[PDB]
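Below: one structure, written as structure tokens.
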There are 2 protein chains.
Amino acid sequence: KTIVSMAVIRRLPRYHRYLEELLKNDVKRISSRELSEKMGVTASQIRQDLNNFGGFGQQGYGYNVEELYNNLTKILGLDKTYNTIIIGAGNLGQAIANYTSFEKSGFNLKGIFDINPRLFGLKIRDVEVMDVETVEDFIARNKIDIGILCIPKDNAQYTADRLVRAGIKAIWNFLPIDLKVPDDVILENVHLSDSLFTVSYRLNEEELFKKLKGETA
Amino acid sequence: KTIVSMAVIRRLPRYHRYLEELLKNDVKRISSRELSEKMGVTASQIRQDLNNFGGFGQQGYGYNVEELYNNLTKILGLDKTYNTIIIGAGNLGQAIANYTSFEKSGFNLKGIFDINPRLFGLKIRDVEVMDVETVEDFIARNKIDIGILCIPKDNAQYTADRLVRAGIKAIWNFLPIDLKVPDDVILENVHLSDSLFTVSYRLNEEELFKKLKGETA
DNA sequence: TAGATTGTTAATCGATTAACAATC
DNA sequence: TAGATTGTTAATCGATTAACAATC
Ligand SMILES: NC(=O)c1ccc[n+]([C@@H]2O[C@H](COP(=O)([O-])OP(=O)([O-])OC[C@H]3O[C@@H](n4cnc5c(N)[nH+]cnc54)[C@H](O)[C@@H]3O)[C@@H](O)[C@H]2O)c1
Ligand SMILES: NC(=O)c1ccc[n+]([C@@H]2O[C@H](COP(=O)([O-])OP(=O)([O-])OC[C@H]3O[C@@H](n4cnc5c(N)[nH+]cnc54)[C@H](O)[C@@H]3O)[C@@H](O)[C@H]2O)c1
């Protein structure tokens, strides 16, 4: 359980995103008026959400883009730095390993790990792939903050444990399993496996209620 | 805006997943009682959610795993078939293209597209990479249901449009951009670029309110 | 200044939980 | 059958919206 309501927290990187578009375009200031306009949210929510972390607004003025942006940056914690590792140098593994946008925002890939020894030594974007046996130790030596999980779901909770045990601070989970972690570990589930299904679901939904509303009268 | 509340819809793939674990272990039946136990949700919510699509339950008995599972299948619309294409044969592109579990559940890769001709013809898991010029057409000839977007964000709304125009039914969106689609197009955003930030945010949150609760008294 | 727009509290809306009568 | 567990309605909780007095 976190201090701010999660519904809100999930909307923060979104503000961060739009605010930076405005900053990038030399727009000097914006009002929640115009922002909710632009983001298709309610002007209340915006003022509402923001006023969990204080007033960045100025009556009569609106919000100074540069100053609010720079503040969301600090709120999302992106003024700091995060050492990350990837477990599972697979397809997804490597695609995530190659992607560098994350770096810009503070997240530095320190290591990649796999069981399959063919891969040991292999270098992706200049981080070498290492035996996942040594992970528990490497985490401890290198103050690893986030572990990115891209190994097959099978018996993976075991590996998740070894991570937690070794003092990993949060896990980013790409497997289609709900993992079990301690209270002091942030688990972020992705679950494409699911997200996709809400699409197949939405596509069929409208016809699925002729299938069920043709069941009473 | 959809018939069932979204909050619910997003939990459906989750039930589906659990139910299938049970089915896999020959467990003949389960009660919302034991399920909310196993899933760490409230027994009401389960019964609650499910009774949007009818009573698969039996008083005194609970839920027949097999029959409930098979019904979630039908609800999530995983009893039909979906033609999918991928735009952008990059890292993520190919990673998603190579992943075959999606097929098992109804989703069939019919094509992959790129602008860079250096890829044209190249075959991934036996679909060959084609010029994204031809996509508008290929969508129409092959009744493509979902387009998976894995192109760089820059100017992508243009490409998005082309897809919509050609009558794609939904887009699965992996770019860190909010796209604009018509009412009759299902847009599913992924936004790893965000989800990750809720982790850096959570890591710094507890200290961020010492930084702000040391600001009044 | 005075018109504009925020911080913030109050009213509404939706989603979760709890309760219980119906029933297998 | 009778103990168990659902379908469903009612009570609670949380999140979104609306409103307005404070203030730049
Ligand atoms: N790839 C996708 O498009 C996609 C979509 C949804 C979910 N996933 C999940 O992503 C994870 C991997 O998918 P992928 O990268 O396409 O599969 P992959 O390419 O087979 O990756 C598996 C990698 O993990 C390695 N490995 C296996 N076990 C371990 C272990 N215990 N410790 C360290 N390394 C290990 C294995 O050698 C291989 O390199 C799986 O859990 C999928 O279920 C992937
Ligand atoms: N890879 C990740 O780890 C990751 C994480 C978060 C977001 N993303 C997003 O995923 C998308 C692609 O990432 P990636 O695949 O790693 O980059 P990539 O590996 O450079 O893939 C880009 C591919 O798309 C092709 N392309 C460019 N423009 C077009 C176009 N207009 N139509 C069709 N194809 C085009 C391009 O030639 C290349 O093959 C980008 O939108 C990223 O922002 C990726």
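Chain labels follow the order of the structure tokens: the first chain is A, the next B, and so on; residue numbering restarts at 1 in every chain, and ligands are counted from 1 in their shown order.
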
Proximal residues of chain A relative to chain D (only C-alpha atoms (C1' of nucleotides); 10 Å) as a PyMOL selection string: chain A and resi 5+7-8+42-45+48+58-61

Kindly provide the residues of chain A that approach chain B to within 8 Å, each paired with its closest atom pair and their distance in Å to one decimal, based on only C-alpha atoms, listed by chain and increasing number, as JSON lines.
{"residue": "A:2", "atom": "CA", "partner": "B:202", "partner_atom": "CA", "distance": 7.6}
{"residue": "A:3", "atom": "CA", "partner": "B:206", "partner_atom": "CA", "distance": 7.6}
{"residue": "A:9", "atom": "CA", "partner": "B:198", "partner_atom": "CA", "distance": 6.7}
{"residue": "A:10", "atom": "CA", "partner": "B:198", "partner_atom": "CA", "distance": 6.5}
{"residue": "A:13", "atom": "CA", "partner": "B:194", "partner_atom": "CA", "distance": 5.5}
{"residue": "A:14", "atom": "CA", "partner": "B:194", "partner_atom": "CA", "distance": 7.2}
{"residue": "A:53", "atom": "CA", "partner": "B:212", "partner_atom": "CA", "distance": 7.8}
{"residue": "A:75", "atom": "CA", "partner": "B:201", "partner_atom": "CA", "distance": 6.7}
{"residue": "A:76", "atom": "CA", "partner": "B:201", "partner_atom": "CA", "distance": 4.3}
{"residue": "A:77", "atom": "CA", "partner": "B:201", "partner_atom": "CA", "distance": 5.1}
{"residue": "A:78", "atom": "CA", "partner": "B:200", "partner_atom": "CA", "distance": 6.9}
{"residue": "A:82", "atom": "CA", "partner": "B:200", "partner_atom": "CA", "distance": 7.7}
{"residue": "A:91", "atom": "CA", "partner": "B:95", "partner_atom": "CA", "distance": 5.0}
{"residue": "A:92", "atom": "CA", "partner": "B:95", "partner_atom": "CA", "distance": 5.6}
{"residue": "A:94", "atom": "CA", "partner": "B:91", "partner_atom": "CA", "distance": 7.9}
{"residue": "A:95", "atom": "CA", "partner": "B:91", "partner_atom": "CA", "distance": 4.9}
{"residue": "A:96", "atom": "CA", "partner": "B:92", "partner_atom": "CA", "distance": 7.7}
{"residue": "A:98", "atom": "CA", "partner": "B:91", "partner_atom": "CA", "distance": 7.7}
{"residue": "A:102", "atom": "CA", "partner": "B:193", "partner_atom": "CA", "distance": 7.3}
{"residue": "A:169", "atom": "CA", "partner": "B:203", "partner_atom": "CA", "distance": 7.7}
{"residue": "A:170", "atom": "CA", "partner": "B:199", "partner_atom": "CA", "distance": 7.2}
{"residue": "A:172", "atom": "CA", "partner": "B:196", "partner_atom": "CA", "distance": 7.6}
{"residue": "A:186", "atom": "CA", "partner": "B:199", "partner_atom": "CA", "distance": 6.9}
{"residue": "A:188", "atom": "CA", "partner": "B:199", "partner_atom": "CA", "distance": 7.0}
{"residue": "A:190", "atom": "CA", "partner": "B:192", "partner_atom": "CA", "distance": 7.8}
{"residue": "A:192", "atom": "CA", "partner": "B:190", "partner_atom": "CA", "distance": 7.9}
{"residue": "A:193", "atom": "CA", "partner": "B:102", "partner_atom": "CA", "distance": 7.4}
{"residue": "A:194", "atom": "CA", "partner": "B:13", "partner_atom": "CA", "distance": 5.4}
{"residue": "A:195", "atom": "CA", "partner": "B:10", "partner_atom": "CA", "distance": 7.4}
{"residue": "A:196", "atom": "CA", "partner": "B:172", "partner_atom": "CA", "distance": 7.5}
{"residue": "A:197", "atom": "CA", "partner": "B:76", "partner_atom": "CA", "distance": 6.2}
{"residue": "A:198", "atom": "CA", "partner": "B:10", "partner_atom": "CA", "distance": 6.5}
{"residue": "A:199", "atom": "CA", "partner": "B:186", "partner_atom": "CA", "distance": 7.0}
{"residue": "A:200", "atom": "CA", "partner": "B:77", "partner_atom": "CA", "distance": 5.5}
{"residue": "A:201", "atom": "CA", "partner": "B:76", "partner_atom": "CA", "distance": 4.2}
{"residue": "A:202", "atom": "CA", "partner": "B:186", "partner_atom": "CA", "distance": 7.4}
{"residue": "A:203", "atom": "CA", "partner": "B:186", "partner_atom": "CA", "distance": 7.7}
{"residue": "A:204", "atom": "CA", "partner": "B:77", "partner_atom": "CA", "distance": 5.6}
{"residue": "A:205", "atom": "CA", "partner": "B:75", "partner_atom": "CA", "distance": 7.5}
{"residue": "A:206", "atom": "CA", "partner": "B:3", "partner_atom": "CA", "distance": 7.6}
{"residue": "A:208", "atom": "CA", "partner": "B:75", "partner_atom": "CA", "distance": 7.2}
{"residue": "A:212", "atom": "CA", "partner": "B:53", "partner_atom": "CA", "distance": 7.6}

CA of residue 130 (chain B) to CA of residue 118 (chain B), straight-line distance in Å: 10.3 Å

Selection near residue 30 (chain A), 12 Å with only C-alpha atoms (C1' of nucleotides), sequence-local residues under 5 positions removed, as a ChimeraX atom specification: /A:18-19,21-23,35-38,43,56-69 /C:5

DSSP strand (DSSP E or B) residues within region 14-217 of chain B, as a ChimeraX atom specification: /B:29-30,57-58,62-64,82-87,107-114,123-124,127-131,146-149,170-173,186-189

For those residues, write N, CA and C atoms to a file as a compact mmCIF listing (two decimals), in the first residue's frame.
# COMPACT_ATOMS: atom_id res chain seq x y z
N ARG B 29 -13.65 -28.83 -8.97
CA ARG B 29 -14.43 -27.62 -8.69
C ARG B 29 -13.77 -26.71 -7.66
N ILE B 30 -14.18 -25.44 -7.69
CA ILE B 30 -13.76 -24.46 -6.69
C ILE B 30 -14.89 -23.48 -6.33
N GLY B 57 -22.21 -20.37 -11.37
CA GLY B 57 -22.12 -20.99 -10.07
C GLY B 57 -23.34 -21.81 -9.74
N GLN B 58 -23.17 -22.67 -8.74
CA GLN B 58 -24.25 -23.50 -8.25
C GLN B 58 -24.27 -23.47 -6.72
N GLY B 62 -20.49 -24.40 -5.57
CA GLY B 62 -19.40 -23.57 -6.06
C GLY B 62 -19.40 -23.57 -7.58
N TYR B 63 -18.22 -23.48 -8.17
CA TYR B 63 -18.09 -23.38 -9.62
C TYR B 63 -17.41 -24.61 -10.19
N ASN B 64 -18.00 -25.19 -11.22
CA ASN B 64 -17.34 -26.27 -11.92
C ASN B 64 -16.20 -25.68 -12.72
N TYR B 82 -8.38 -14.33 -34.57
CA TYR B 82 -8.01 -12.97 -34.90
C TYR B 82 -6.82 -12.89 -35.86
N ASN B 83 -6.99 -12.18 -36.97
CA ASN B 83 -5.86 -11.92 -37.84
C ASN B 83 -5.11 -10.70 -37.38
N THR B 84 -3.80 -10.86 -37.14
CA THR B 84 -2.98 -9.76 -36.64
C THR B 84 -1.86 -9.46 -37.58
N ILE B 85 -1.47 -8.19 -37.66
CA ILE B 85 -0.23 -7.83 -38.31
C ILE B 85 0.64 -7.05 -37.33
N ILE B 86 1.95 -7.02 -37.59
CA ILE B 86 2.88 -6.16 -36.84
C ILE B 86 3.43 -5.05 -37.74
N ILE B 87 3.36 -3.80 -37.31
CA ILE B 87 4.10 -2.75 -37.99
C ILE B 87 5.40 -2.47 -37.25
N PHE B 107 -4.73 -15.90 -31.96
CA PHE B 107 -4.26 -14.69 -32.61
C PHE B 107 -3.24 -15.07 -33.63
N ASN B 108 -3.55 -14.85 -34.91
CA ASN B 108 -2.63 -15.33 -35.96
C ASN B 108 -1.91 -14.29 -36.78
N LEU B 109 -0.58 -14.37 -36.73
CA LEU B 109 0.26 -13.43 -37.41
C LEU B 109 0.15 -13.66 -38.90
N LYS B 110 -0.45 -12.69 -39.58
CA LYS B 110 -0.59 -12.73 -41.02
C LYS B 110 0.42 -11.85 -41.75
N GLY B 111 1.05 -10.89 -41.08
CA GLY B 111 2.07 -10.07 -41.75
C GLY B 111 2.85 -9.11 -40.88
N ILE B 112 4.05 -8.77 -41.35
CA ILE B 112 4.92 -7.84 -40.65
C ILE B 112 5.37 -6.83 -41.67
N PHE B 113 5.54 -5.59 -41.25
CA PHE B 113 5.71 -4.48 -42.17
C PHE B 113 6.86 -3.58 -41.74
N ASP B 114 7.58 -3.01 -42.68
CA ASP B 114 8.61 -2.08 -42.32
C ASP B 114 8.76 -1.03 -43.43
N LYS B 123 12.25 -13.18 -43.68
CA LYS B 123 11.20 -14.01 -43.11
C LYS B 123 11.40 -14.28 -41.65
N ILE B 124 10.39 -13.97 -40.86
CA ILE B 124 10.41 -14.26 -39.45
C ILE B 124 9.33 -15.29 -39.16
N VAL B 127 6.54 -15.74 -41.80
CA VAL B 127 5.72 -14.68 -42.36
C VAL B 127 6.82 -13.83 -42.94
N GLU B 128 6.66 -13.28 -44.14
CA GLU B 128 7.74 -12.43 -44.66
C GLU B 128 7.49 -10.92 -44.58
N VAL B 129 8.56 -10.17 -44.31
CA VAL B 129 8.46 -8.74 -44.01
C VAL B 129 8.16 -7.99 -45.28
N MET B 130 7.11 -7.17 -45.27
CA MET B 130 6.70 -6.42 -46.44
C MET B 130 6.74 -4.90 -46.30
N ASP B 131 6.88 -4.19 -47.42
CA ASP B 131 6.81 -2.73 -47.44
C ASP B 131 5.50 -2.25 -46.81
N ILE B 146 -6.37 -6.91 -35.82
CA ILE B 146 -5.53 -6.15 -34.93
C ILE B 146 -4.21 -5.80 -35.59
N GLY B 147 -3.85 -4.53 -35.57
CA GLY B 147 -2.48 -4.17 -35.88
C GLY B 147 -1.66 -3.86 -34.63
N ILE B 148 -0.50 -4.52 -34.51
CA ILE B 148 0.43 -4.29 -33.40
C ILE B 148 1.48 -3.31 -33.84
N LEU B 149 1.53 -2.18 -33.14
CA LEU B 149 2.39 -1.07 -33.52
C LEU B 149 3.74 -1.03 -32.79
N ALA B 170 -8.83 -2.87 -34.34
CA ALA B 170 -8.14 -2.38 -33.14
C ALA B 170 -6.60 -2.31 -33.31
N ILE B 171 -6.01 -1.38 -32.56
CA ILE B 171 -4.57 -1.26 -32.52
C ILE B 171 -4.06 -1.56 -31.13
N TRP B 172 -3.02 -2.40 -31.09
CA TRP B 172 -2.23 -2.69 -29.89
C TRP B 172 -0.96 -1.83 -29.91
N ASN B 173 -0.91 -0.86 -29.00
CA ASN B 173 0.07 0.20 -29.10
C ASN B 173 1.28 0.23 -28.15
N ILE B 186 -10.79 -0.12 -31.36
CA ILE B 186 -10.27 -0.40 -30.04
C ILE B 186 -8.75 -0.10 -29.98
N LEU B 187 -8.36 0.82 -29.08
CA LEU B 187 -6.97 1.17 -28.89
C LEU B 187 -6.54 0.64 -27.57
N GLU B 188 -5.57 -0.27 -27.60
CA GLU B 188 -4.97 -0.77 -26.38
C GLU B 188 -3.57 -0.26 -26.29
N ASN B 189 -3.33 0.55 -25.28
CA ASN B 189 -2.00 1.04 -25.04
C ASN B 189 -1.22 0.10 -24.13

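One finds CA of residue 152 (chain B) at 18.8 Å from CA of residue 134 (chain B).
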
Test item, alpha helix (DSSP H) assignment across region 127-217 of chain A, answer as a PyMOL selection string: chain A and resi 135-141+156-165+192-208+210-213

Using only C-alpha atoms and all ligand atoms: which of B:49, B:103, B:20, B:26 has the shortest distance to ligand 1: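 Selected residue with least distance to ligand 1: B:103.
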
Between CA of residue 151 (chain B) and CA of residue 119 (chain B), distance in Å (one decimal):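 If I compute the distance from CA of residue 151 (chain B) to CA of residue 119 (chain B), I get 13.9 Å.
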